[PDB]
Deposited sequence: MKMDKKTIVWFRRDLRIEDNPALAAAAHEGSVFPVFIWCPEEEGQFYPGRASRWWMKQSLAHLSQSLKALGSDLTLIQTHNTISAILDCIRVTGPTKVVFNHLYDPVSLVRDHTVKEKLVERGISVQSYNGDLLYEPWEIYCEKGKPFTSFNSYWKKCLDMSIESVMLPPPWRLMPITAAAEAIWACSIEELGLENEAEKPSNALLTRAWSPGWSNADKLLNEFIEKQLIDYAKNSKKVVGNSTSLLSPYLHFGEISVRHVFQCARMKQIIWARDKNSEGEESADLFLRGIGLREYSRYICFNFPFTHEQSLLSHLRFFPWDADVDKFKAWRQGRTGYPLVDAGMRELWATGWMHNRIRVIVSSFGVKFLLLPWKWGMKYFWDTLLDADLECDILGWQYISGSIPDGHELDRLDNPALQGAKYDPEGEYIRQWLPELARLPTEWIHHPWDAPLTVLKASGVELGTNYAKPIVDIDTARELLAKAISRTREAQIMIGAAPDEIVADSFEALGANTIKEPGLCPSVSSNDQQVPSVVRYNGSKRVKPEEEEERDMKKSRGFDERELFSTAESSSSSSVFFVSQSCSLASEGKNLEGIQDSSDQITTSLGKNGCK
């Protein structure tokens, strides 16, 4: 009874089906295998590698306390590494968990086949979803509303597993520092992110409990204001699998049941909104499984990414992104739509910059969001219409705090004109300290002309 447990993106010990199976079966030999060449162009970015290294150290200590140890292998081939581990330890079984990336599907199939050839049994489980994409049908659905209605109607077919108690212990293995996860010049700069975040599954649990117990009830109200911290902040923890989506779902549903019993309408609204947000991730993976004339201007892109456009919401969004590796949903919508519909940029550049900076860069969610904003989905905002900054501000930033915190040189403009300065008269722009051109930039491209150019490209249709 010797089993090899393969770790890829499930860096936790609670509700881990493959680990629970192997540990109940017999003796275990955990392993992590890192192979840059197989990833292709889905190679993770800097903000992701930093979080991955911290989580790997946390997990290694956790395993060593229990009684076994993590082993790290950097290689050029995965089959070779698995076969070498087999030849050295004399195992019988191999177990792992499912992923739905294209590369992941191909690699899993190849491993399964080339291992069953030599008379060694393999097994895979499901650890990252509520319903598998091949389990919900009408034909596949085509709209989120019908999809989510069906999913709510059905009943879940999964149980939760307790963590293993102890592990019975049992080549070119290396150490966490020779994996080459971080460059040499960028260690002191990357170290600053510890000011806001702290990776590890022991910290994911501590965050979720506090959110559920004290902040859910106000979600329906705070979930439209971009200042402070209003949402839950669980995306980087969910991307690496340090928390269980089934766990989150159960906690939210139990709160909703109590609130609905005692007639708390605000509670019901908040819980429903949160669960709809949770279900959008399922829908993203589902659609990815079931359905597999720009201006090449460089300085425009550079100004976009540094925050010198002239529009306050865009400027503050980019300013917070580069400094904390995060930004609100409305700001994601706003900045992405600006980048495509205003400066007419190739959307690949925007996707790639988000890939390298965002602390939670996830392929399916990224693609779904960009399709939504770009108007390739009938459910959304069509490419034709551009929104008005004054209305955006009045709706989401009613008092100017978000502006005045990240752009201090605009701390004494009245709340009436703080979002569209090119409107306010020179008398007010003198009474205030603001001075366009000298200590704040005049708008990089006029709104009307860009609207006309997009009208060309649209009325062509």
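- Missing from the model, relative to the deposited sequence, are the stretches 1 to 4, 143 to 145, 178 to 183, 306 to 319, 489 to 612.
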